[PDB]
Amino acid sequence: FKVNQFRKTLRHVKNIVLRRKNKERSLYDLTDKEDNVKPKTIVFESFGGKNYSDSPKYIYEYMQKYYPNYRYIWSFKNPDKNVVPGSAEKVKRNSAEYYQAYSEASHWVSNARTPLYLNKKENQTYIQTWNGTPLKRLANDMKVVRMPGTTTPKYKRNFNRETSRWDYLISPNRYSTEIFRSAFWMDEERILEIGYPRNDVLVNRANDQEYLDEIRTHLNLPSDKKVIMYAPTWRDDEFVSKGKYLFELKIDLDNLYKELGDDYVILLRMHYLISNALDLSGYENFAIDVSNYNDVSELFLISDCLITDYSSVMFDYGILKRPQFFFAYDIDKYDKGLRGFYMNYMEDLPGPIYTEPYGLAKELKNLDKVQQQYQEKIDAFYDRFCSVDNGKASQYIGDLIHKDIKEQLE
């Protein structure tokens, strides 16, 4: 009677007798043996099961088409509030079926850390797409982490533990690769430079019009109007009053309305807390709240330019060689010269840094002029970051997985 089993065993009796909600887990930890793995089961979860979205979605939609005959399982916080096309069946996180799915599967696909209490056996292949070309230092590369409940050495310890299990790790470029290699204690061997499966549409579908037209009318958009997308990153300094009434975005909608309300419509992609605290009465058909829209890649395809600040998205939107603007209004707060960025913000991004909305508004009046004026820099940026993207990524993984599970079938 082995000491490791005895421990798991007592823990479960505790959970069973005490009616702990965790019993579902302790039972799993016990019975989870290498033999439960059915070589043709695949589980997908995206952003820790809040969504059917991002690269796991596109890897899934590719495999549905060309490999219908596998068990496809999706993992969700609230399965019944998530709509999935196809042969996939869904599971609630932390439930009986959840641990089954994860025990049986030959392959794990996801774009974020999956929990450590989940047992990744030698048997199974865990493929990590992750969720973007980094601009802020992550994991190992961070210096201090005053994050509640844990120290920094511990938080790195646990991260290091997750990444050690990543059999494959996708990368959108050389620069992300070099970073991952250190940030995620990764081996170049295990890294796949192919680009993001979720970016595939940015290459394949950008000139598809019936498609652009759906997305546009699914959003009820003006027909004559060009589209600006605004997508600021989150900031604590701006959460006040429990989040009931916020101070109008510093971008100044009133102004943008006056200045561009006739040529443009503007898409506000905000953090969910800002979203449902944002009053847009008086801007109908001008500023559209687009914060809860399922698929961000679709929003990029219909955008004529992106306004952002410090985001992993500028790297995505780059694939389309369109104009970007960076409205870093609080940029002085951010550490004076901040090396807490991998890249050189001041120097090499595809657009102007504005710190005030009004130069930004004038500039927007005439896009074609910004496109020319910055064509040089857009290109340099496209070369450095977005050139790796075939439009073939979701196919490459779907095939890697297919090839993978032909062997196990013996």
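All residue numbers refer to positions in the sequence shown, first residue = 1.
- Mean C-alpha B-factor is higher over 335-343 than over the other stretch, the pair under comparison being 103-111 and 335-343.
- Here the stretch with the larger average CA B-factor, out of 237-245 and 312-320, is 237-245.
- Across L306, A277, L169, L268, the greatest Cα temperature factor reported in the deposited entry is at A277.
- The residue among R190, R198, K77, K156 whose C-alpha carries the highest B-factor in the deposited model is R190.
- Per the PDB record, residue ranking by Cα B-factor puts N119 in the lowest third of the chain.
- Sort the chain's modelled residues by C-alpha temperature factor and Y293 lands in the lowest third, per the entry.
- Remark: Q373 belongs to the highest third of its chain, ranked by C-alpha B-factor as recorded.
- Per the deposited record, the Cα B-factor of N220 falls in the highest third when ranked against the other modelled residues of its chain.
- In this PDB entry, the Cα temperature factor of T9 sits in the bottom third of its chain's modelled residues, the lowest group.
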